[PDB]
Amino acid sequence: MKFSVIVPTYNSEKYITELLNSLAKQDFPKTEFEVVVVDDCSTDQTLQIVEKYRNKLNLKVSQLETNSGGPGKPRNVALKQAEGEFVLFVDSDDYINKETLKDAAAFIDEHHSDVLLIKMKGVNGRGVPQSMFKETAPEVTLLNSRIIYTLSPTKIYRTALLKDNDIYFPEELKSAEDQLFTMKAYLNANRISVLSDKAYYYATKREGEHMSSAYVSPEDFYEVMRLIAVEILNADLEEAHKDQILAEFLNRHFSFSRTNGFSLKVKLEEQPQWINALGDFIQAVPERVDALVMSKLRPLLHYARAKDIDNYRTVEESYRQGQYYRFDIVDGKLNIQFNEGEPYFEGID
């Protein structure tokens, strides 16, 4: 067994066939890959739709007692059932290219990848990461490539890599359940590879609610962030490398996560809740890492670590308004003091 395609379902009857047709049309022998379907207690006709593909595909189907509250637990149940050499997570509302398992198998046989990224394509207006999919690369690291800018589970992982290092998704969590999982796989992979010859994984936009839009409390969200920083800092790598990996994670988190602009969008009466959870995550980042981060984020790291929402919000409002209490211009960049009696933050551009 080469691959295990792990499919978590939850009331997926309107789009599960578009998936199952792409596996049935794979030009890969159905005897060397399995479809591990774990249903998160669906109440529509998802399972009988799946049943019609029991002679078109090698299937392993099971259903949970109650809905787990997220994609994590179903994938965890499928992953310990998987006996394929490699694992591919495909969501119920997505589908893969006809040639995916053939090109992957051929690529991994040639380069012995532990994690293999496959190029993605957005369908029906859904955005998709692309900065790391412009060239097929046999070997990429966390620091010479943009792989940290895609933490979704929609990749090829070697089964032994996940099991030998005890890598699973957090359970009862609507979103952010993928970031810690994929980063742990990145942290332990002896070789990470990118495969961009075609458009392999098709991420769709349908209706209704996608899990990436479901509510996750700031406590649960930033606990995952805190766990990622802890995983980075205690990886079996050189200490300077771990600091730089953490800095690159923070650059991306503060630029593109819900943290970016929270004190401008969240209701005032809820922002202490955010600054306390965000601060528990930044308090796990040692202050030495602030120097490796993008300069504009250093005042935010500083006031997050101190749980100071007033100065944090003033920094965000100042960036948005382009107005500062005091600033100097040195070497085409700004050195800013955001409030009276506060420190100056230098090199901001």
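Start at 1 with the first residue shown and count on from there.
Figure legend: residue 209 is marked as unmodelled in at least a third of the other comparable entries of the protein.
Across the two stretches, 18 to 26 and 322 to 330, the PDB entry reports the greater mean Cα temperature factor for 18 to 26. Relative to its counterpart among 51 to 59 and 276 to 284, 51 to 59 has the higher mean temperature factor, C-alpha atoms as listed in the PDB entry. Residue-level inspection of the entry shows that, of 253, 267, 121, 73, 121 has the top Cα B-factor. Of the candidates 215, 149, 181, 262, it is 215 whose Cα B-factor is highest according to the PDB record. Ranked against the other modelled residues of its chain, the C-alpha B-factor of residue 32 as given in the entry falls in the highest third. Per the deposited record, the Cα B-factor of residue 239 falls in the lowest third when ranked against the other modelled residues of its chain.
Residue-level temperature factors show residue 308 in the lowest third of its chain, judged at the C-alpha atom.
Annotation for residue 67: CA B-factor lies in the middle third of the chain's modelled residues. When the CA B factors of the chain's modelled residues are split into thirds, the value for residue 79 lands in the middle one.
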